[PDB]
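Here's the structure we're looking at; comments come further down.
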Amino acid sequence: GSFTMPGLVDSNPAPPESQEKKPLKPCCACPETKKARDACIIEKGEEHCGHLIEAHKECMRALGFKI
């Protein structure tokens, strides 16, 4: 004897989307730095990860990006 839920389908517990996109966008615009930034920002936030901005921020400024 257990309750059950046959009036719906519900879901599994899940993020605000999961990684399901890997398109070809070829360049040299600091992948390591950008990609490594975002992982901290994902988890904590830009406010907790702006050492992860500043470190990577360099890398883009060198390019003539607007830092």
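Identifiers in this document derive from the order of the structure tokens: chains are assigned A, B, ..., residues are numbered from 1 separately in each chain, and ligands are numbered from 1 in order of occurrence.
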
Problem set entry | Residues within 12 Å of residue A:42, only C-alpha atoms, excluding chain neighbours under 4 positions, as number ranges by chain | A: 15-18, 35-38, 46-49, 52

Can you write out the residues you just picked, keeping N, CA, C and O atoms, as a PDB file, in the first residue's frame?
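Output (out-v1.pdb):
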```pdb
ATOM      1  N   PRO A  15      18.076  20.848 -13.462  1.00  0.00           N
ATOM      2  CA  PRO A  15      18.526  22.240 -13.567  1.00  0.00           C
ATOM      3  C   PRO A  15      17.606  23.118 -14.448  1.00  0.00           C
ATOM      4  O   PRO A  15      16.707  22.595 -15.113  1.00  0.00           O
ATOM      5  N   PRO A  16      17.793  24.458 -14.468  1.00  0.00           N
ATOM      6  CA  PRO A  16      17.091  25.382 -15.369  1.00  0.00           C
ATOM      7  C   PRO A  16      17.612  25.268 -16.822  1.00  0.00           C
ATOM      8  O   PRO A  16      18.238  26.191 -17.340  1.00  0.00           O
ATOM      9  N   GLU A  17      17.370  24.090 -17.414  1.00  0.00           N
ATOM     10  CA  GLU A  17      17.972  23.476 -18.604  1.00  0.00           C
ATOM     11  C   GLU A  17      19.276  22.710 -18.284  1.00  0.00           C
ATOM     12  O   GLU A  17      20.038  23.101 -17.397  1.00  0.00           O
ATOM     13  N   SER A  18      19.551  21.629 -19.028  1.00  0.00           N
ATOM     14  CA  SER A  18      20.864  20.972 -19.064  1.00  0.00           C
ATOM     15  C   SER A  18      21.538  21.186 -20.419  1.00  0.00           C
ATOM     16  O   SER A  18      20.879  21.316 -21.449  1.00  0.00           O
ATOM     17  N   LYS A  35      34.863  30.016 -20.848  1.00  0.00           N
ATOM     18  CA  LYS A  35      34.238  28.724 -20.544  1.00  0.00           C
ATOM     19  C   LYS A  35      34.465  28.337 -19.080  1.00  0.00           C
ATOM     20  O   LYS A  35      33.527  27.969 -18.375  1.00  0.00           O
ATOM     21  N   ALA A  36      35.697  28.538 -18.617  1.00  0.00           N
ATOM     22  CA  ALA A  36      36.059  28.415 -17.191  1.00  0.00           C
ATOM     23  C   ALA A  36      35.397  29.465 -16.272  1.00  0.00           C
ATOM     24  O   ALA A  36      34.999  29.110 -15.166  1.00  0.00           O
ATOM     25  N   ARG A  37      35.226  30.729 -16.707  1.00  0.00           N
ATOM     26  CA  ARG A  37      34.454  31.789 -16.007  1.00  0.00           C
ATOM     27  C   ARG A  37      33.099  31.235 -15.645  1.00  0.00           C
ATOM     28  O   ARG A  37      32.727  31.178 -14.478  1.00  0.00           O
ATOM     29  N   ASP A  38      32.363  30.898 -16.697  1.00  0.00           N
ATOM     30  CA  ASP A  38      30.926  30.705 -16.669  1.00  0.00           C
ATOM     31  C   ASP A  38      30.553  29.599 -15.658  1.00  0.00           C
ATOM     32  O   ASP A  38      29.638  29.795 -14.872  1.00  0.00           O
ATOM     33  N   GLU A  46      28.200  35.952 -10.619  1.00  0.00           N
ATOM     34  CA  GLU A  46      29.258  36.882 -11.052  1.00  0.00           C
ATOM     35  C   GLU A  46      29.821  37.656  -9.856  1.00  0.00           C
ATOM     36  O   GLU A  46      31.015  37.946  -9.786  1.00  0.00           O
ATOM     37  N   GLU A  47      28.971  37.924  -8.869  1.00  0.00           N
ATOM     38  CA  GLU A  47      29.374  38.576  -7.622  1.00  0.00           C
ATOM     39  C   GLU A  47      30.330  37.726  -6.751  1.00  0.00           C
ATOM     40  O   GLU A  47      31.048  38.289  -5.930  1.00  0.00           O
ATOM     41  N   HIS A  48      30.399  36.401  -6.969  1.00  0.00           N
ATOM     42  CA  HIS A  48      31.186  35.450  -6.174  1.00  0.00           C
ATOM     43  C   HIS A  48      32.366  34.918  -7.000  1.00  0.00           C
ATOM     44  O   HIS A  48      33.179  34.112  -6.551  1.00  0.00           O
ATOM     45  N   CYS A  49      32.431  35.356  -8.260  1.00  0.00           N
ATOM     46  CA  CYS A  49      33.224  34.833  -9.343  1.00  0.00           C
ATOM     47  C   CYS A  49      33.757  35.951 -10.245  1.00  0.00           C
ATOM     48  O   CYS A  49      33.954  35.751 -11.446  1.00  0.00           O
ATOM     49  N   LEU A  52      37.052  35.300 -11.197  1.00  0.00           N
ATOM     50  CA  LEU A  52      36.813  34.572 -12.448  1.00  0.00           C
ATOM     51  C   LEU A  52      36.396  35.476 -13.595  1.00  0.00           C
ATOM     52  O   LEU A  52      36.642  35.140 -14.738  1.00  0.00           O
TER      53      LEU A  52
END
```

Please return, as a JSON list (two decimals) with N, CA and C atoms, in the first residue's frame, all residues of chain A that DSSP assigns to helix (DSSP H, G or I) on the basis of the backbone.
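After the write, result_26.json holds the following:
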```json
[["chain", "number", "residue", "atom", "x", "y", "z"],
["A", 31, "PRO", "N", 38.32, 30.73, -25.46],
["A", 31, "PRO", "CA", 37.52, 29.59, -24.95],
["A", 31, "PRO", "C", 37.89, 29.21, -23.53],
["A", 32, "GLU", "N", 39.15, 28.86, -23.23],
["A", 32, "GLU", "CA", 39.53, 28.45, -21.87],
["A", 32, "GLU", "C", 39.02, 29.41, -20.80],
["A", 33, "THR", "N", 39.22, 30.71, -21.02],
["A", 33, "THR", "CA", 38.95, 31.72, -20.00],
["A", 33, "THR", "C", 37.45, 31.91, -19.79],
["A", 34, "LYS", "N", 36.72, 32.24, -20.86],
["A", 34, "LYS", "CA", 35.26, 32.38, -20.96],
["A", 34, "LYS", "C", 34.52, 31.20, -20.35],
["A", 35, "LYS", "N", 34.86, 30.02, -20.85],
["A", 35, "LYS", "CA", 34.24, 28.72, -20.54],
["A", 35, "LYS", "C", 34.47, 28.34, -19.08],
["A", 36, "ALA", "N", 35.70, 28.54, -18.62],
["A", 36, "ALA", "CA", 36.06, 28.41, -17.19],
["A", 36, "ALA", "C", 35.40, 29.46, -16.27],
["A", 37, "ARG", "N", 35.23, 30.73, -16.71],
["A", 37, "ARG", "CA", 34.45, 31.79, -16.01],
["A", 37, "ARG", "C", 33.10, 31.24, -15.64],
["A", 38, "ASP", "N", 32.36, 30.90, -16.70],
["A", 38, "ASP", "CA", 30.93, 30.70, -16.67],
["A", 38, "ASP", "C", 30.55, 29.60, -15.66],
["A", 39, "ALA", "N", 31.35, 28.52, -15.60],
["A", 39, "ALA", "CA", 31.20, 27.43, -14.63],
["A", 39, "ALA", "C", 31.11, 27.88, -13.16],
["A", 40, "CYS", "N", 31.92, 28.87, -12.74],
["A", 40, "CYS", "CA", 31.80, 29.46, -11.41],
["A", 40, "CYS", "C", 30.51, 30.26, -11.26],
["A", 41, "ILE", "N", 30.21, 31.09, -12.27],
["A", 41, "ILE", "CA", 29.03, 31.98, -12.31],
["A", 41, "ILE", "C", 27.71, 31.16, -12.23],
["A", 42, "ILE", "N", 27.68, 30.01, -12.90],
["A", 42, "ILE", "CA", 26.62, 29.00, -12.89],
["A", 42, "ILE", "C", 26.24, 28.56, -11.46],
["A", 43, "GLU", "N", 27.23, 28.45, -10.59],
["A", 43, "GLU", "CA", 27.19, 27.76, -9.30],
["A", 43, "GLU", "C", 27.00, 28.76, -8.15],
["A", 46, "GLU", "N", 28.20, 35.95, -10.62],
["A", 46, "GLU", "CA", 29.26, 36.88, -11.05],
["A", 46, "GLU", "C", 29.82, 37.66, -9.86],
["A", 47, "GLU", "N", 28.97, 37.92, -8.87],
["A", 47, "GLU", "CA", 29.37, 38.58, -7.62],
["A", 47, "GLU", "C", 30.33, 37.73, -6.75],
["A", 48, "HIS", "N", 30.40, 36.40, -6.97],
["A", 48, "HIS", "CA", 31.19, 35.45, -6.17],
["A", 48, "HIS", "C", 32.37, 34.92, -7.00],
["A", 51, "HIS", "N", 36.70, 37.49, -9.41],
["A", 51, "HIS", "CA", 38.06, 36.99, -9.72],
["A", 51, "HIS", "C", 38.07, 36.15, -11.00],
["A", 52, "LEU", "N", 37.05, 35.30, -11.20],
["A", 52, "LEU", "CA", 36.81, 34.57, -12.45],
["A", 52, "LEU", "C", 36.40, 35.48, -13.59],
["A", 53, "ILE", "N", 35.84, 36.65, -13.33],
["A", 53, "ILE", "CA", 35.79, 37.70, -14.34],
["A", 53, "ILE", "C", 37.22, 38.22, -14.55],
["A", 54, "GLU", "N", 37.88, 38.89, -13.61],
["A", 54, "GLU", "CA", 39.12, 39.68, -13.79],
["A", 54, "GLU", "C", 40.24, 38.90, -14.48],
["A", 55, "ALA", "N", 40.46, 37.66, -14.02],
["A", 55, "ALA", "CA", 41.43, 36.76, -14.60],
["A", 55, "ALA", "C", 41.20, 36.57, -16.11],
["A", 56, "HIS", "N", 39.97, 36.23, -16.47],
["A", 56, "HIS", "CA", 39.51, 36.00, -17.84],
["A", 56, "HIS", "C", 39.29, 37.29, -18.65],
["A", 57, "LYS", "N", 38.89, 38.37, -17.97],
["A", 57, "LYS", "CA", 38.65, 39.73, -18.42],
["A", 57, "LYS", "C", 39.84, 40.35, -19.13],
["A", 58, "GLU", "N", 41.03, 40.12, -18.57],
["A", 58, "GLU", "CA", 42.31, 40.35, -19.24],
["A", 58, "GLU", "C", 42.32, 39.81, -20.66],
["A", 59, "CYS", "N", 41.96, 38.53, -20.74],
["A", 59, "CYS", "CA", 42.22, 37.72, -21.91],
["A", 59, "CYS", "C", 41.48, 38.29, -23.13],
["A", 60, "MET", "N", 40.22, 38.68, -22.89],
["A", 60, "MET", "CA", 39.35, 39.39, -23.83],
["A", 60, "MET", "C", 39.84, 40.83, -24.10],
["A", 61, "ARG", "N", 40.22, 41.62, -23.09],
["A", 61, "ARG", "CA", 40.70, 43.01, -23.29],
["A", 61, "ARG", "C", 41.87, 43.07, -24.28]]
```

Problem set entry | A:45, A:3, A:30, A:22 ranked by distance to residue A:62, top pick (using only C-alpha atoms) | A:30
